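Asker: Sending over a structure as structure tokens; questions will come in a sec.
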Amino acid sequence: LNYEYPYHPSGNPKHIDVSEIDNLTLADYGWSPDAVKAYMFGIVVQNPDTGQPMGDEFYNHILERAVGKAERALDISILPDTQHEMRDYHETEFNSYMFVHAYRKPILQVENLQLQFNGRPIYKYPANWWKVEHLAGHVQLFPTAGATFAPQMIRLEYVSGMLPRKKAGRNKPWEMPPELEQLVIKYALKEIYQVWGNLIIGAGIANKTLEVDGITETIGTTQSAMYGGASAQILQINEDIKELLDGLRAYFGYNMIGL
Amino acid sequence: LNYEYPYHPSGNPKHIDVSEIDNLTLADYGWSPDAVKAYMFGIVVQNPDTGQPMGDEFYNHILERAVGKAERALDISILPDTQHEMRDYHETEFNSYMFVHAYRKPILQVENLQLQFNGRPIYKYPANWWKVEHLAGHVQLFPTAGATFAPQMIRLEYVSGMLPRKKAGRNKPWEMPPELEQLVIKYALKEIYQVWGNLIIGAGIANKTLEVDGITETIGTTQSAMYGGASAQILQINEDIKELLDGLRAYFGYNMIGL
Amino acid sequence: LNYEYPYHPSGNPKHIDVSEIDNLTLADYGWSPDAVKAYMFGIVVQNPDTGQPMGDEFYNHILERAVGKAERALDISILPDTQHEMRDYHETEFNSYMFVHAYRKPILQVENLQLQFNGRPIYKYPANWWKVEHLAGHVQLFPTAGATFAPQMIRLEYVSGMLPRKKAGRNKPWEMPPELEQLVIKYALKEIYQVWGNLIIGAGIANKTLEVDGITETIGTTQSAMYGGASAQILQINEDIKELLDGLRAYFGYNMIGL
Amino acid sequence: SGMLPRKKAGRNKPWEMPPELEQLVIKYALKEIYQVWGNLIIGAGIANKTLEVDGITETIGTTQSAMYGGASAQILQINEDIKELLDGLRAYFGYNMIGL
Amino acid sequence: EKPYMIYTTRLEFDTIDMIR
Amino acid sequence: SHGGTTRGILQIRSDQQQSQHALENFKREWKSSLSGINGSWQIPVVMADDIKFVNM
Amino acid sequence: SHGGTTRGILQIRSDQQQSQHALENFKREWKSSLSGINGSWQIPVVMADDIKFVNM
Ligand SMILES: [Zn+2]
Ligand SMILES: [Zn+2]
Ligand SMILES: [Zn+2]
Ligand SMILES: [Zn+2]
């Protein structure tokens, strides 16, 4: 075997280059204004004072915040980032093959793992000892060869995040599931419908009739004193979000810790 | 007996060639835009400002996400893919004829199975020992001849997925049930109905009346301040989905693990 | 006595030839587009853009998926197919006259039963020992003369399915009950009514009035903002399905297993 | 196995069909025939109609509605009759039992 | 390979009821 | 010689009963994890809608 | 040698589960206040929506 040093092919296979984490963008995961507009096919949002359509700056803003919402509704790291953690010694888990659970998951790869004292490395574990479980967020060592805890004894550096899926309809444990993309889209779309619901009719109108010289024109709109113009669409989007979240909260597990 | 090496006819019969997993497509499973359109016979989805029909790209996108959703509502792998797993030693299950449960099911075939240490094979189990239960996702060995667990001792490679069924109305345990196709269709169709429900009528109109020079028209639409135009169809589709999911969650079993 | 070898007249009587399982078709069970159209007597489904009636391809498609649904709502094999099973040794059931429960039922006939080791037959049981209970799905032997379980010791081949009934109003335990036909029909019909409900009126219309020069024409349709055009028929079909399923879930028993 | 048709009016031997089971089977058929017929009483999918032409005016309200089909009432009554008959017949035949 | 990402119904009088 | 010694029934309940195949591979999951001395102190985790044991 | 000696499960429940980070620094709040002889007679105050302990 030959490999780039930390990335032992069995225990810590390389999944991404540290150059690519700066090159990946939201558009590479398919989150783009065009996708939102596709879900709003046959609708256009434009300023009634000017006819100007809504700018892609707003779409990208909403998309980035929707990504943040998805990254907090589930205890996951969606976008690749380098994580540096200082973790505590605990006797039970240290005896349990040096078990540590990362704060962020999935793990793309582990970059460094050391035992240290006042920042001095006391030991540097050989990379061939590192065992990584990517979707779980678990790291262990399997060596080839006065108190129960102490603070910040373990120094851990790793890359968290998810890669874009390589094939249609499929994902590896380190690849974003196809439906989490749709969840983020639904979160963005739920905001866009709230914007659009103000512009179907003049402000604050639920009904109008206008008649001139016996020509009569009359409208009942979807607005009402209770429900906004986009009420039904938002309700449906919330149902879809509920189904998607149930599915994804089955894919990622329940959080647990041993006291 | 003679066979291609890993695929012992009794314990691990070959069901697919590794060339075909690249060639299979959504269309081979009967997921196509036309299969969706058949369920909306007599409707067209059409931009009221241009008369252009919606492009099939959106149908394919929705289908690929609907397959992802179906693969998360049920704990299954639908489309064929090659899975590589490093699995932990557990004493009870290792003593239980080397029982391992695959993360993904059904198993189409096992490709490799080895016991290893830092990537070195410690032993390679003869293929005639491998016992596979395909729909369950179970692998065992039946040999011809200081701690309760250890990480990533077992190396398992296999193909998960389902093949398209060979006969009408029938499926083998490694073949897709006819009703799961209908489930994926219904998932796509729910989204297409959400799109189309905005376009049946002028946006945000619940009632209209027009009177001009002795011609009078009045229309009440299915749109309302509470319900969108396609509410009814979506509700019925949700009922069908619920029935299908109950049936399929009876076909696949309840998940269980021994702690 | 003289018989074709496996089909001992007492313990394993022959009910079908292995040539016929390829010749049987859905139409031989009476599932045909004409039957569906008979239940929709006095209605026609046609494309409003062309007047073309709905094609029998769609009816046969829906029928095949309805068969799949019926085969999953009940734990039964409707259509004849050859099943090959590898079954585990369990000490209690092996001592209990070599009791095995087939995964699929009814049994039309058992084709092979052997005890084997790595695919080598260790013993071939004489066909005059085989005892079959067809509707239960049970096979036993009544010979004329270090662990509690082991994987895939028993090799069993059999034909599952049901034959079309020979007489009006009657069925043998291996013959399809007359009402399961009607259940499959009702499942197909529930889809056809969902298609038809879109075409009774122009899209999205609940009410219209049109008046020209004092001639007045006015319609209230069965569509509404909540309920689809075929709501009532689907509700009635669901009631009928509930009665049929209760009856058939009394005919086939509750599933049970001994741990 | 089976039953013979009864030899006297209003009476059955234990091997003869009860008169009410005939009515049960009739009611089961009739429920389906009413489901068919309930689509045809009126133009398909019409709940209300009004027509006015040259001083002739007609308005019709049908038993069809967005909730209920045209034969809903008859089917409901037939289901009540079926329920009564089934209670009676499940008193005539006993509860199933087995010794384990 | 790559993931896909971006009538007739007539009103008429009942003439028998008109005769009645 | 003749009795039922059966301790009780484990009632698992959900929207519909498992297929026989599902139930037999659940029996394999059970016995490979919990039977005999080898399984003797493990506890199964099960996520059914409700689980009951009836003492007979 | 092989058993689960675990006394029970402390079920804390709220509208959503804590993140892993939150839960690990809650473990630090716990052990720095309650573990061993040093913590032996202190009682935690917790204001979760509901708290339950399941005896196993
Ligand atoms: Zn975790
Ligand atoms: Zn399982
Ligand atoms: Zn059974
Ligand atoms: Zn009896």
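Coordinate-derived values only; no laboratory data. As a convention, Cβ positions derive from the backbone with ideal geometry for all residues, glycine included, and neighbour counts pool all protein chains shown.
Asker: Could you give me the residue pairs with C-beta distances under 9 Å whose first residue belongs to region C:128-142 and is within 14 Å of chain F (Cβ to nearest Cβ), whose second residue is within 16 Å of ligand 4 (Cβ to nearest atom) and in a loop (DSSP other than H, G, I, E, B) wherever it lies, and which are 6+ apart or on separate chains?
Answerer: Note: pairs meeting the criteria are C:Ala136/C:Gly253.
Asker: Answer yes if at least one residue in region D:64-87 is out of contact with any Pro (no Cβ under 9 Å at 6 or more places or on another chain), within 16 Å of ligand 4 (Cβ to nearest atom) and of a type in the set (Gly, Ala, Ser), and no otherwise. Break it down stepwise before answering.
Answerer: Here is the first cut: in region D:64-87, the ones out of contact with any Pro (no Cβ under 9 Å at 6 or more places or on another chain) are D:64-87.
From what is left, the residues that are within 16 Å of ligand 4 (Cβ to nearest atom) are none.
No, every residue in region D:64-87 fails to be out of contact with any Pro (no Cβ under 9 Å at 6 or more places or on another chain), within 16 Å of ligand 4 (Cβ to nearest atom) and of a type in the set (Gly, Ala, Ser).
Asker: Taking A:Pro164 and the conditions (1) in contact with a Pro (Cβ under 9 Å, 6 or more places away or on another chain); (2) within 16 Å of ligand 2 (Cβ to nearest atom); (3) not β-branched (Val, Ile, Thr), which numbered condition does it fall short on, given that it satisfies the others?
Answerer: The number of the failed condition is (2).
Asker: Additional query: In region B:86-105, which residues are in a strand (DSSP E or B) and either hydroxyl-bearing (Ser, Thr, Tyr) or more than 16 Å from ligand 1 (Cβ to nearest atom) (or both)? Explain how you work it out, then say what you get.
Answerer: Going residue by residue through region B:86-105, those that are in a strand (DSSP E or B) are B:86-90, B:100-101.
Listed by number, the residues that qualify are B:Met86, B:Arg87, B:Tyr89, B:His90, B:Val100, B:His101.
Asker: Between A:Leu108, A:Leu79, which is part of a strand (DSSP E or B) and touching a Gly at 6+ places or on another chain (Cβ under 9 Å)? Spell out how you get there, then give the answer.
Answerer: On the way: A:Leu79 fails: part of a strand (DSSP E or B).
The conditions single out A:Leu108.
Asker: Does region D:23-33 include one or more residues that are surrounded by fewer than 18 Cβ atoms within 10 Å (Cβ to Cβ) and part of a loop (DSSP other than H, G, I, E, B)?
Answerer: Within region D:23-33 (the criterion being surrounded by fewer than 18 Cβ atoms within 10 Å (Cβ to Cβ) and part of a loop (DSSP other than H, G, I, E, B)), the answer is no, since none of the residues qualifies.
Okay, residues lined up against (1) more than 10 Å from chain A (Cβ to nearest Cβ); (2) in a loop (DSSP other than H, G, I, E, B):
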site: B:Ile219; (1), (2): yes, no
site: B:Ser224; (1), (2): no, yes
site: B:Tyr227; (1), (2): no, yes
site: B:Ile234; (1), (2): no, no
site: B:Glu243; (1), (2): yes, no
site: B:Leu248; (1), (2): yes, no
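Asker: Would you call C:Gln140 within 16 Å of ligand 3 (Cβ to nearest atom) and of a type in the set (S, T, N, Q)? Steps first, please.
Answerer: Numbers: within 16 Å of ligand 3 (Cβ to nearest atom): yes; of a type in the set (S, T, N, Q): yes.
Yes.
Asker: Answer yes if at least one residue in region B:30-49 is more than 10 Å from chain A (Cβ to nearest Cβ) and in contact with a strand residue (DSSP E or B) (Cβ under 9 Å, 6 or more places away or on another chain), and no otherwise. Can you show your working first?
Answerer: Of the residues in region B:30-49, the ones more than 10 Å from chain A (Cβ to nearest Cβ) are B:30, B:32-44.
Then drop every residue that is not in contact with a strand residue (DSSP E or B) (Cβ under 9 Å, 6 or more places away or on another chain), which leaves B:42, B:44.
Checked region B:30-49: at least one residue is more than 10 Å from chain A (Cβ to nearest Cβ) and in contact with a strand residue (DSSP E or B) (Cβ under 9 Å, 6 or more places away or on another chain).
Asker: Then there is this: Hey, can you tell me all the residues within region B:93-108 that are over 21 Å from F:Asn38 (Cβ atoms) and hydrophobic (A, V, I, L, M, F, W, C)?
Answerer: Taking region B:93-108 and keeping what is over 21 Å from F:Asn38 (Cβ atoms), we get B:102-108.
Correct list: B:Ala102, B:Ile107, B:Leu108.
Asker: When C:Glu57 is evaluated against the numbered criteria (1) crowded, with 20+ Cβ neighbours inside 10 Å; (2) farther than 23 Å from F:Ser19 by Cα, which criterion, by number, is the only one it fails?
Answerer: (1)
Let's see how each residue does on (1) in contact with a strand residue (DSSP E or B) (Cβ under 7 Å, 6 or more places away or on another chain); (2) more than 7 Å from chain B (Cβ to nearest Cβ); (3) surrounded by 14 or more Cβ atoms within 10 Å (Cβ to Cβ):
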residue	(1), (2), (3)
F:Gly4	no, yes, no
F:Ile12	yes, yes, yes
F:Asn25	yes, no, yes
F:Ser32	no, no, yes
F:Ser40	no, yes, no
F:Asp50	yes, yes, no
F:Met56	yes, yes, no
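Asker: Got a number for residues in region C:174-217 being of a type in the set (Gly, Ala, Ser), within 10 Å of chain D (Cβ to nearest Cβ) and either within 27 Å of D:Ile56 (Cα to Cα) or out of contact with any helix residue (DSSP H, G or I) (no Cβ under 9 Å at 6 or more places or on another chain) (or both)?
Answerer: Initial filter on region C:174-217 (of a type in the set (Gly, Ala, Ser)): C:188, C:197, C:202-204, C:206, C:214.
Adding the requirement that they be within 10 Å of chain D (Cβ to nearest Cβ) leaves C:197, C:206, C:214.
Now drop any that are not either within 27 Å of D:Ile56 (Cα to Cα) or out of contact with any helix residue (DSSP H, G or I) (no Cβ under 9 Å at 6 or more places or on another chain) (or both), which leaves C:206, C:214.
Qualifying residue count, region C:174-217: 2.
Asker: Could you please let me know if D:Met67 is under 30 Å from C:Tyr227 (Cβ atoms), more than 16 Å from ligand 3 (Cβ to nearest atom) and of a type outside the set (S, T, N, Q)?
Answerer: Values: under 30 Å from C:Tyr227 (Cβ atoms): yes; more than 16 Å from ligand 3 (Cβ to nearest atom): yes; of a type outside the set (S, T, N, Q): yes.
The answer is yes for D:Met67.
Asker: Across chain E, what is the total count of residues that are surrounded by 10 or more Cβ atoms within 10 Å (Cβ to Cβ), closer than 13 Å to D:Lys49 by Cβ and of a type outside the set (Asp, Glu)? Show your work before the answer.
Answerer: In the first step, residues of chain E are kept if they are surrounded by 10 or more Cβ atoms within 10 Å (Cβ to Cβ); the result is E:3-7, E:9, E:11-14.
Narrowing the set further to residues that are closer than 13 Å to D:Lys49 by Cβ leaves E:9, E:11-14.
Still in the running and of a type outside the set (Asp, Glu): E:9, E:11, E:13.
Residues meeting the conditions: 3.
Asker: Here is a follow-up. Among the residues that make up region B:61-76, is at least one of them within 29 Å of C:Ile154 (Cα to Cα) and outside any helix (DSSP H, G or I)? Talk me through it step by step, then tell me what you get.
Answerer: Quick first cut of region B:61-76, residues within 29 Å of C:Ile154 (Cα to Cα) only: B:75-76.
Imposing the further condition that a residue be outside any helix (DSSP H, G or I) reduces the set to B:75-76.
The answer is yes, given that some residue of region B:61-76 is within 29 Å of C:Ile154 (Cα to Cα) and outside any helix (DSSP H, G or I).
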